[PDB]
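Some notes on the structure that comes next.
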Amino acid sequence: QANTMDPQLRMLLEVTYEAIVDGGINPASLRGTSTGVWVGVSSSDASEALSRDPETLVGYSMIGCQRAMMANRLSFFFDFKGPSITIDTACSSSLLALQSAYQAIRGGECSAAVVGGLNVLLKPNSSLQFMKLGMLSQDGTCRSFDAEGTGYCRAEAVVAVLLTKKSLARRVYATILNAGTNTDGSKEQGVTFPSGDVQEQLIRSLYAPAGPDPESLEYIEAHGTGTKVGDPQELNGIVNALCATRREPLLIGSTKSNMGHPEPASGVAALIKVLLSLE
Amino acid sequence: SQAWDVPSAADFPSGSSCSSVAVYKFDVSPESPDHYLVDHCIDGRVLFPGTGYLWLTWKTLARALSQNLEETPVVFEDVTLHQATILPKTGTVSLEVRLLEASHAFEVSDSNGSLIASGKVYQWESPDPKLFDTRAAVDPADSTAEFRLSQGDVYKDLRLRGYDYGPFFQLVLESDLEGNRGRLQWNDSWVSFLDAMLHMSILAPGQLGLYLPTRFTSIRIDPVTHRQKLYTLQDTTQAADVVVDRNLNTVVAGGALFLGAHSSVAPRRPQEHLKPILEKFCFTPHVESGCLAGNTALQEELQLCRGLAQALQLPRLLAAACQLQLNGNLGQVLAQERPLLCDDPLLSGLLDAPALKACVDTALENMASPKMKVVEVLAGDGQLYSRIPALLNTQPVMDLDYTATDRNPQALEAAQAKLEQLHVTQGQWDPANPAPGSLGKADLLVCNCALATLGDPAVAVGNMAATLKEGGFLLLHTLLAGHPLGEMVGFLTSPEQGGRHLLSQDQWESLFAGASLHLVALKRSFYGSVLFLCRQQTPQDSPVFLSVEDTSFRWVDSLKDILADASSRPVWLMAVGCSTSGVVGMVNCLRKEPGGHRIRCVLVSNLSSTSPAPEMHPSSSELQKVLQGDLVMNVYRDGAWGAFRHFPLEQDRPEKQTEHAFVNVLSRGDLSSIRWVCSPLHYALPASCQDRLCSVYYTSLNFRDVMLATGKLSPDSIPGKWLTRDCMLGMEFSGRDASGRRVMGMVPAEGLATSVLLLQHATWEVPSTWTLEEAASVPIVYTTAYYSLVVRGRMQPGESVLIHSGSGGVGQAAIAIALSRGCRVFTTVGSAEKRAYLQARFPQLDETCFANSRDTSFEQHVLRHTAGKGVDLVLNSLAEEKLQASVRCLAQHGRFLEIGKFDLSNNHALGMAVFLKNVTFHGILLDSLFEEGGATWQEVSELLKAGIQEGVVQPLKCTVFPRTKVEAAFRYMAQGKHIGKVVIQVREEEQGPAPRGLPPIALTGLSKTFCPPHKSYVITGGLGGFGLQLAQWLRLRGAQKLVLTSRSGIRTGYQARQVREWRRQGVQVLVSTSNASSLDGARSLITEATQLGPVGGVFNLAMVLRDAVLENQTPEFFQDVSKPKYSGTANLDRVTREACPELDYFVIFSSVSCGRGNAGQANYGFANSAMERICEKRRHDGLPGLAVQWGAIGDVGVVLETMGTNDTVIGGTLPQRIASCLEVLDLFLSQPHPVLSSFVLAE
Amino acid sequence: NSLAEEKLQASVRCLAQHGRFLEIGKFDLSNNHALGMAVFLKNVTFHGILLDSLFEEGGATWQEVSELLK
Amino acid sequence: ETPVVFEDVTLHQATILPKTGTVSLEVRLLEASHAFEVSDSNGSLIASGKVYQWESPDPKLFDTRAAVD
Ligand SMILES: NC(=O)c1ccc[n+]([C@@H]2O[C@H](COP(=O)([O-])OP(=O)(O)OC[C@H]3O[C@@H](n4cnc5c(N)ncnc54)[C@H](OP(=O)(O)O)[C@@H]3O)[C@@H](O)[C@H]2O)c1
Ligand SMILES: NC(=O)c1ccc[n+]([C@@H]2O[C@H](COP(=O)([O-])OP(=O)(O)OC[C@H]3O[C@@H](n4cnc5c(N)ncnc54)[C@H](OP(=O)(O)O)[C@@H]3O)[C@@H](O)[C@H]2O)c1
Ligand SMILES: NC(=O)c1ccc[n+]([C@@H]2O[C@H](COP(=O)([O-])OP(=O)(O)OC[C@H]3O[C@@H](n4cnc5c(N)ncnc54)[C@H](OP(=O)(O)O)[C@@H]3O)[C@@H](O)[C@H]2O)c1
C-alpha cells in the first residue's frame, strides 16, 4: 500500500512530523485535538501514473493518491480531528492554505494547524504545456526582477509549517499579523495576465487603516517569478501601496531566484526562506 | 534504508490512443506474482518460457479487442522465436508486444530493441472442437500391468538433459513409455500448461540433448472447449489428456493444439563454479627419503647453483643472490640479496610439492573435530600462510583459524593485501619462549626455517612446545647442511660468522627428543630440504584392542559395548587377517560419530601387496613403536609405516601412443579447444570393418568443418542419423588402403584422421599423375559441383551460369565443369587478387565474367551483359540480401541451385512470384546422399569418374599445413585468405622409384575410452539411477553387449524404457538377476556375459544402505551392507582372474563416506574402504583396477530419489551432475592409480 | 498442387526428402506470397510451372512434352 | 535527415478520395522487424513492406552517366 503512495504524500507524512517536533512539541500531545490540516497542492502526477494498466494497477492506489488524501491521510495518522483540507489556487495555494489556517486558529475553531505545500514534477507533458504558454524560461532560470526575464523555472518541494496559538507554542519563529486573499477581476488582456491594479488593493486591505504600518516593513518577499510581464506588474503595485515612507523602505528578494518556482508550494516554501533568514 | 516506487518518466502517456501495443514488465524476485517463472530454469539460467511469449501476445490481442482472454480463442501461424530472454535473479525485464491488426502480424521487442518473437495471430472464428479429439488405438486391458512414466520419472530424464524444470513447471503427471500419451496438470496458467505440452514433445524415447522451441507452425487455443476438456483427479487437482502424434507433428491437450512445433538444439554452457576436485589416493609412508628428483627444473638448479657457487665453496634466489654478487666483482652484499629477497619462495628453497599436504593432512584427522587452530612463526619470509589455507580449504569438512605471527610489524605489511582474503589472525612473535594471550593455545604450529634462522635451537622449541593443546602438531622446515646447498644457504644471506647454522638429521632428532616429541613424519629431499612433523604425547590410558578380521561382524556389538567405557582414551581397531578389511574407512566414520569423537579411534592395517612381504606382529616391539607414535592412521605396505593420504591429481589429460587418431573440437566455437582425440580404431579393429582400413596422408578442411568449429551452423542441419553429435569434423582425405593401393575418398565425418573407414561407394583410385596432395582437394568440391550443375540443375551446354565465389573450392570446380560443356560463366569474387588467380587458371574467361561478391553489385552486372535476360543457372552460396539478389538474376526457365545453408536454416522468406518465370528452385545437400549412397549418388560418382578421365576435373591450389598447426589451418580458412583448398598433411609421401612403404606413425593423442563392439560389459545394479547412466554412456562410447544386474529385475517404467530402447538401437542387452556376493552366483554372471562375447568390462555399482548410528547398528545391518560391495567385489576379482583374459576395465564405486567419513554410515564406510584394497591388489598385479570415491552424485543418485535437489548440500559437498561424472570417469579409466576421488565443493 | 493459401503451405509440408513440388497453381504465385525457405533442407526442389510458357514458344522442351502425349 | 530504405513493399488496394469528407490511413511500424503496414478506417490492408533508416547512404547509386551518347 506504500508503493501505491504519491511520493508527495510520503514525504509530507515526514516533513510534518519533522515540523511538529521541530517546535518542541510531542506529536502525541496533539493526538485527538481540534487540530486541522491545510495542504496546498496543484499537481498529483503520481495518481495518473498508477491508474492506466487496468489489470496491473491496484485499487488502494487511490487511498494513496486522490488529492484530498494529501490532507486526509495526514490527519488520519496524527489523529487530528479538526478540519482536513486541500486547496488548489495554482501558484498561491500553500500561502492561501497558511492563510485559511491562521484564520481558523484566530477565530476559536482550532488550537494548531498543519500547513503544507506540495508539488512534484513527474510528467513531462505538464511542463510542455507551460512552455506552449511561454511562461517557461528556455534559459531555465528565475531571474527575479532582472531585465533578462523570459519565464520561470519550475521546481518541486514538500514543505510544512505548524501554526499554533501563542499560549501553546514552545518556539516562535514569527507571529502572523494579517492575511487576506483577493482575485484579479476580468482583465481585458487574458486570464494569465497578472493584474497589478488588483494586487495593490490586496496589499492595502491588510495595512494602513486596517492593519500594520507600511513603514514597519523591513523586507517584502515578492513572488518574483521572472516573467517579462509578471515582474513589473507586481513590483509596481507593491511600491504603489507600501511607499509613502523614508529610508530604503523594503529590501526585496525572492527565494524563487535561488531555487525555482515550486508553484503551489511557492508561498510556504517562500515563508520558509523568510523564517530561516530571520533566525 | 528501503527505496520505493517513483512513477517513471515513461509511465505517462507519450503518443496517444493505441489499441495495438503493450509493454509487459516482468519482475522475478520472490515477492512478485511472477515468481512462478523462476521454475523455468534451463541449463541453470532462468529463461522466460518459449511458451511465455505466446501468452503475452495472446493477452495483448484480447486487449486490442476489448475482450478478456477467456473469450478470444486464438490462432497463431508461422510463429518464430529468435532469442530467448534471460531473467536476472533481481530487477525488471521488459518485453513489448506489437500488433498489426490488418496484416494479423505480431512482434515481440525487448527493452534493448532486439527481436524476440514474430508470427501471425487472430481471433479464431469457427472454433472446431472436433480438432481436440482423444480417441485411442483400442481398449487397453492393461491397467495394473503396463509400465508408465511417473511425474518423477519424466523430469528425471529431462533434468538429465539440461532441463532443470522446477515444481510450478513439473506438470507432466503420467506418460506413455514412448511419450505419445499422458496427463498434464492444470495450473490456471497457460504459460505452464503450454510449456508442458512442449515437454511431452521434447520427451522422445532415446532422444538426448537440450532442445529449445524455435518455430511453431500453427498453435490454436480455444478456452471454451478447454474448460470442458479438463477434468479433476481424485487428488482434487486438475488435469487433462495430452497426446503427441509425431507422424503428424501435433501435440494436443485440453484446448491447445500445436502443429509443427519445431524445437532445436542449444549449447550446454559449462559453469566453472562447478569444476570437480580430482584427487588421487596413493598410499604414503611416514619415512620418505630422496624425495623429488622428478623435476627437470629442480635438477637444472642443483648444478646451476652448484656450478657458479661451487667456484667459491638464473631466475630464483640462490641463482639470483649468488650471481649478482659475482657481477659487481659484505656491506652492500646485504643490499643485493634484498631486491630479490622476496624472490625467496623459490622453487628450490621451498618444498610445496605433495610432501606439505601429506603431513598437514596426517595432523588434521588426528583431532576429533575437523576444526583446526593453526599458527605460523617466522611467517614473513617463509610464507606457509600462502599454501596451508589452500591445502586445507580443499577438504569439504573444514574450519580454519590461521594466525601469522612475525617479529616485526614490517614483515606482515605485504601480507595485509594477502592475509585479508585467507582470513588470518596476525600478531608479533620472536622465538624466545613467551606464548601470548594472542595465541591462546592451538592445534598445529608451522614454521619455515629456510629463513632468517631463529638464532636459537631449543629456545625457539620451548615456545612451540608451550602452545600445544593436549597433543597437537608441529611442522618445521630447515635446509640441511649435509648437502651441497645446505651449507651454501648458511654462508649467504646471514653474513654471521656462524652462518653455517643449520644442523643435520641426527642433530634435529634429539632437539625434539628434548621437548618430549616424536617424529610423526619425515620428508628428506635430494637437494637437502627436509620436512619435520612433530607431535608431543600426553599419557595413554587403558588401550583396548579389538581385531576386526572376522566376516561375522561380531566386533560390532563389542564396539557398541566400548561406548560404555567412560574416557577410554586409547581404543584401537586393527585387522590382522584380511588384506581387505576396510578399517581405514570404518574409522573415518566413528572418528567423528558423536560416540567416539574424542575416543581417539585408531587403526592398524596389514596390506602387503606382493608375496615376499611378511612383517606384521602385535604385543612385541612394533606394536609399541606404533602406540608411541600414537598417530590415528597406521597402515603397512611391504615395509613402511604410513597412513592413507589424499593428494591432488596430476591434471594432465592422459595421452597415448597411437597409429590412429581423429581431430575433434573440445568446445564448440573456440578453436584453441582443438586437439588430437584417440581414434576408436585404436581400441579395436574387428575383422568385419577391417578390410576397409585406410591410412591418411592428407586430410582437407571444407567450409562446413569451419562453420561448425565456429558455431554459425547447428549440428541440426547435418543430415544422417547420429549416435554422437560429438565427433563431426573432416570429410575429405587421401592415402593408401589396406590393399596398399592409392586412394582418395569421402567420409560422412571424422575425416581429419590418421586413419579412416573407406566408404566403398565413395572412394576412388587416384591416378598415377596426381600427387596425393592434389588428389586430396578434389572429392567434395567436384561432387558438390557435378551434383549441383549436372544431376540436379540439369545444365545443358551453351547455357549461362552464375557461379558465386569462383576462387572457392566449389567455385574453381563449378567453373571447370561449366567451361568444359562450354557455358557463359559469370563469377563473383571478393579480392582483386582472386580476379587474378581465376583469370589465369581459366583463360576462357573475359573481364566481362567477373563481378563482386561482398556486395549486391553483381546483380546489376549480370543484368547488363545479359541484356536483361539473366542467367540460366545460379550456384548461390551467399547470404541474405545477396541470396535474394542472386534470385533476381534468374532468367526464364532458369534454375536456382541453393548450396548455401544459412538463409535456408533460418526459414527466410522466398518471393513466390519468382516462380512465374517458370523457374525451378533447388535446395541442395550433398550430405543427404553420401553415406545413404543410393542410385543418385552413383550417378554423381560416375560424373566424377568420367570428368576425371576427360581431364575436366583438376586438383586445386593446395595451401598445406603440418599436423601440428591444425589450429591455424582453421583460422586461415576462417578469414577467407585462401584460394583453392586447405589441406592438413599427416604423412610425407613416398618418393621417386616406386615405393611400397609401411608407415611408423607415432602420434600424440588424448585418451577417450571406447568399446570394441565384440566385447561385453557388465554393470551390477545396472538398473540403479547411476548404472542406467553408466550403461547409456557405455553404449555411446561403443558398447554393443551390456549385462545389467539387479536383484528384482526391471521394475520402473524409466528402466523399462531405457532397456527397451537400447534393444531397439541394436544393442544386445541382458537383464540378469544373478547376485555376485555368492561365488556360484558370480560365475553364473560372468558366464552369462561371456555368451554375449568376451568380457571386457566389470563395474560394481550395486549397493544396499543401512543408515543407523552405531547404537542402532546390528551385526547384520553390517553384513547386509558389505555383501554387495566387499563380498561382491572379491568374488568378481577371483572369477575375473580365473577366466576373463580380455578384461580392460575393472571399476568399483566407493564414496567419500569412506574418505572423510559419515555419521551413521559406519557400515557403508567399511564395505567401501574394503573394495579400495582389492582394487589396489589388482593394480599391483598389473590388472585393471579402479575404485572411485565419488562425492554426492546428482541428476539420478540415491540422493535425487530420497532427499531432493541438485542443490542439496551433503557431506559438505554438492551433487556432481552426472554429465560431469561421466566425463570424470572418462579421465579416471585411463589412469595408473588404483583409487581416485571426485566431488564438488559446497560452501 | 493447384490449391491456394493455407492449402498450398500445407501441401508444401507433405513433401518427403528429395521430394518435388509441382506448382501448377497461379494465385499464391501471383501475389508474391512467402515460401518458408527452410523446407529446402529436405533437399526438396520447388517447381514453378507454366505450360503457356512453352506453348507458342514451341521449343525442344515442348516437343518432349508432345511425344510424351504421342 | 532520415534517408530511408523500403524493401518488398506491396500495395493491396488503392484508396479512393471522395469529392468531400475525410479519409483516414493509419501507418504502423514494427521497430525490430523493420516491418510496416498501412490500415484504413475500415480495418482493411492497404500497404505492407519493410522500412528503415539507411546507414551508409552511397550517393554513387544515383549515377546518371551511361556511355551511349
Ligand atoms: N550443400 C553441399 O553439399 C555443399 C558442399 C560443399 C560446400 N557447400 C557450401 O558452399 C560454400 C563454398 O564451399 P567451398 O569449400 O567451395 O569454398 P571455400 O574455398 O571453402 O570458401 C568459401 C568462399 O566463400 C567466400 N567468402 C565470402 N566471404 C567470406 C568470408 N567472410 N570468410 C570466408 N569465405 C568468404 C570466399 O570467396 P570470396 O572471398 O572470393 O568471396 C570463399 O572462397 C560453403 O559456404 C559451403 O557451406 C555446400
Ligand atoms: N548417489 C550418490 O550420491 C552416490 C555417492 C557416492 C557413491 N555412489 C555409488 O553409487 C552406487 C549406486 O547408487 P545410485 O544412487 O547410483 O543407485 P541405486 O539405485 O541406489 O543403486 C542400488 C541398486 O543396486 C542394486 N543392488 C543392490 N544389491 C544388489 C546385489 N546384491 N546384487 C545385484 N544388484 C544389487 C539394487 O537393485 P534392485 O532394484 O534389484 O534392488 C539397487 O536398486 C553405489 O555403488 C555407490 O558406491 C553414489
Ligand atoms: N499452369 C499451367 O500450365 C496450368 C495448365 C492447366 C491448368 N492449370 C490449373 O490447374 C487447375 C485445374 O485446372 P483444370 O483445367 O483441371 O480445371 P478443373 O479441374 O476442370 O476444375 C478446377 C478444379 O478445382 C477444384 N476446386 C477447388 N476449389 C474450388 C472451388 N471453390 N470452385 C471450383 N473448383 C474448385 C475443383 O475440384 P474439387 O471439387 O475436387 O475441389 C475443380 O475440379 C486450375 O486451378 C488451373 O489454374 C494450370
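Just so we're on the same page: first chain in the C-alpha cells is A, next is B, and so on; residues restart at 1 for each chain, and ligands are numbered from 1 in the order they show up.
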Please check which protein, DNA or RNA residues sit within 6 Å of ligand 1, counting only C-alpha atoms and all ligand atoms, and write them as a PDB file with C-alpha atoms, in the first residue's frame.
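Output (selection.pdb):
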ATOM      1  CA  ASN B 702      35.942 -27.786 -46.005  1.00  0.00           C
ATOM      2  CA  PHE B 703      33.738 -24.947 -45.106  1.00  0.00           C
ATOM      3  CA  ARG B 704      31.339 -26.975 -43.032  1.00  0.00           C
ATOM      4  CA  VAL B 781      34.382 -29.883 -54.331  1.00  0.00           C
ATOM      5  CA  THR B 784      29.108 -30.838 -54.957  1.00  0.00           C
ATOM      6  CA  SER B 805      32.753 -17.281 -55.154  1.00  0.00           C
ATOM      7  CA  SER B 807      38.052 -18.561 -56.026  1.00  0.00           C
ATOM      8  CA  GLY B 808      36.491 -21.071 -53.650  1.00  0.00           C
ATOM      9  CA  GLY B 809      36.695 -24.821 -53.744  1.00  0.00           C
ATOM     10  CA  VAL B 810      33.267 -25.468 -55.124  1.00  0.00           C
ATOM     11  CA  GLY B 811      33.903 -22.388 -57.280  1.00  0.00           C
ATOM     12  CA  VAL B 829      34.893 -12.817 -56.078  1.00  0.00           C
ATOM     13  CA  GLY B 830      35.982 -10.570 -53.220  1.00  0.00           C
ATOM     14  CA  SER B 831      39.667  -9.962 -53.902  1.00  0.00           C
ATOM     15  CA  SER B 853      30.822 -10.857 -54.059  1.00  0.00           C
ATOM     16  CA  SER B 877      26.337 -19.995 -51.671  1.00  0.00           C
ATOM     17  CA  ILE B 899      24.159 -24.874 -51.998  1.00  0.00           C
ATOM     18  CA  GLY B 900      24.173 -22.440 -49.073  1.00  0.00           C
ATOM     19  CA  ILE B 924      20.826 -28.938 -52.290  1.00  0.00           C
ATOM     20  CA  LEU B 925      22.548 -31.022 -49.640  1.00  0.00           C
ATOM     21  CA  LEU B 926      25.281 -33.437 -50.742  1.00  0.00           C
ATOM     22  CA  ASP B 927      25.351 -34.841 -47.210  1.00  0.00           C
ATOM     23  CA  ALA B 974      38.193 -18.683 -41.342  1.00  0.00           C
ATOM     24  CA  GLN B 975      39.306 -15.325 -42.688  1.00  0.00           C
ATOM     25  CA  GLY B 976      38.800 -16.253 -46.357  1.00  0.00           C
ATOM     26  CA  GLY B 980      41.936 -23.441 -53.540  1.00  0.00           C
TER      27      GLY B 980
END
Subject >> Environment of ligand 2 within 8 Å, counting only C-alpha atoms and all ligand atoms, reported as a VMD selection string >> reply: chain B and resid 1020 to 1027 1045 to 1051 1073 to 1077 1100 to 1104 1123 to 1125 1128 1148 to 1153 1168 1189 to 1194 1196 to 1201 1215
Can I get the selected residues back with C-alpha atoms, as a compact mmCIF listing (two decimals), in the first residue's frame?
# COMPACT_ATOMS: atom_id res chain seq x y z
CA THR B 1020 25.88 -54.66 -11.37
CA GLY B 1021 22.91 -52.61 -10.13
CA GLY B 1022 22.69 -51.63 -13.74
CA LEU B 1023 19.09 -50.60 -13.24
CA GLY B 1024 20.07 -48.19 -10.48
CA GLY B 1025 19.93 -44.48 -11.21
CA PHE B 1026 23.67 -44.28 -11.90
CA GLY B 1027 24.12 -47.69 -13.53
CA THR B 1045 22.29 -56.87 -12.90
CA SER B 1046 19.59 -56.29 -10.29
CA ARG B 1047 18.04 -58.45 -7.56
CA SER B 1048 14.44 -57.89 -8.68
CA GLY B 1049 14.65 -57.03 -12.36
CA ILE B 1050 13.05 -54.36 -14.47
CA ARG B 1051 10.54 -52.66 -12.17
CA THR B 1073 19.05 -61.47 -11.57
CA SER B 1074 22.38 -63.06 -10.78
CA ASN B 1075 23.86 -61.88 -7.47
CA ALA B 1076 27.65 -61.57 -7.24
CA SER B 1077 28.16 -61.98 -3.48
CA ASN B 1100 30.34 -52.77 -9.49
CA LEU B 1101 27.54 -50.26 -8.82
CA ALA B 1102 25.36 -52.44 -6.58
CA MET B 1103 24.74 -51.22 -3.02
CA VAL B 1104 22.24 -51.63 -0.16
CA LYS B 1123 27.60 -58.30 0.72
CA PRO B 1124 27.07 -56.24 -2.48
CA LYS B 1125 30.30 -54.29 -2.21
CA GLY B 1128 30.72 -58.92 -4.49
CA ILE B 1148 34.14 -50.01 -8.38
CA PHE B 1149 32.25 -47.11 -6.93
CA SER B 1150 33.28 -46.14 -3.43
CA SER B 1151 32.17 -42.95 -1.70
CA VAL B 1152 33.73 -40.04 0.14
CA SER B 1153 31.94 -41.51 3.16
CA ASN B 1168 33.62 -49.35 0.66
CA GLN B 1189 35.42 -42.32 -4.23
CA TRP B 1190 32.54 -40.25 -5.54
CA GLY B 1191 31.11 -37.32 -3.67
CA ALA B 1192 27.40 -36.56 -3.78
CA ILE B 1193 26.08 -37.74 -7.15
CA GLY B 1194 23.35 -35.65 -8.73
CA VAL B 1196 19.83 -39.56 -10.54
CA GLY B 1197 21.58 -40.83 -7.38
CA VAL B 1198 20.07 -42.41 -4.26
CA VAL B 1199 20.06 -38.70 -3.41
CA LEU B 1200 17.60 -37.44 -6.01
CA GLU B 1201 15.23 -40.28 -5.10
CA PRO B 1215 25.73 -33.27 -6.36
Subject >> Polymer residues at most 7 Å from residue 32 in chain D, only C-alpha atoms, same-chain spacing of 4 or more positions, as a PyMOL selection string >> reply: chain B and resi 109+113-115
Expected answer as a JSON list (two decimals) with C-alpha atoms, in the first residue's frame: chain A residues within 9 Å of chain B, only C-alpha atoms:
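This is the output file selection01.json:
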[["chain", "number", "residue", "atom", "x", "y", "z"],
["A", 2, "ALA", "CA", 3.12, 2.18, 0.13],
["A", 3, "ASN", "CA", 4.35, 1.56, -3.43],
["A", 4, "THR", "CA", 0.99, 2.98, -4.37],
["A", 5, "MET", "CA", 1.58, 6.21, -2.41],
["A", 6, "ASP", "CA", 2.09, 9.55, -4.21],
["A", 7, "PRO", "CA", 5.68, 10.47, -3.21],
["A", 45, "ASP", "CA", 1.02, 13.37, -11.16],
["A", 46, "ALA", "CA", 1.59, 10.15, -9.26],
["A", 48, "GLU", "CA", -2.49, 9.08, -13.06],
["A", 49, "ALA", "CA", 0.74, 7.09, -13.16],
["A", 50, "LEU", "CA", -0.80, 4.25, -11.13],
["A", 52, "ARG", "CA", -3.50, 3.31, -16.52],
["A", 122, "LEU", "CA", 6.86, 13.77, -12.82],
["A", 123, "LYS", "CA", 5.00, 14.13, -16.10],
["A", 124, "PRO", "CA", 6.91, 15.98, -18.83],
["A", 125, "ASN", "CA", 3.64, 16.84, -20.58]]
Counting only C-alpha atoms and all ligand atoms, what are the residues of chain C within 6 Å of ligand 3, and for each of them which pair of atoms is the nearest and at what distance in Å, to one decimal? Sort the table by chain and rising number, as CSV.
residue,atom,partner,partner_atom_place_in_ligand_line,distance
C:2,CA,ligand 3,45 (O),5.2
C:24,CA,ligand 3,1 (N),4.3
C:25,CA,ligand 3,47 (O),5.0
C:49,CA,ligand 3,1 (N),5.5
C:50,CA,ligand 3,3 (O),3.9
C:51,CA,ligand 3,3 (O),3.5
C:52,CA,ligand 3,3 (O),5.6
Please produce a file of those selected residues containing C-alpha atoms, as a compact mmCIF listing (two decimals), in the first residue's frame.
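Once everything was written out, this is part01.txt:
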# COMPACT_ATOMS: atom_id res chain seq x y z
CA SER C 2 -3.23 -26.35 -57.67
CA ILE C 24 0.65 -25.60 -61.30
CA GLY C 25 -1.44 -23.01 -59.45
CA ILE C 49 5.16 -24.41 -63.76
CA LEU C 50 3.54 -22.60 -66.67
CA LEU C 51 2.59 -24.61 -69.77
CA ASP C 52 1.75 -21.33 -71.50
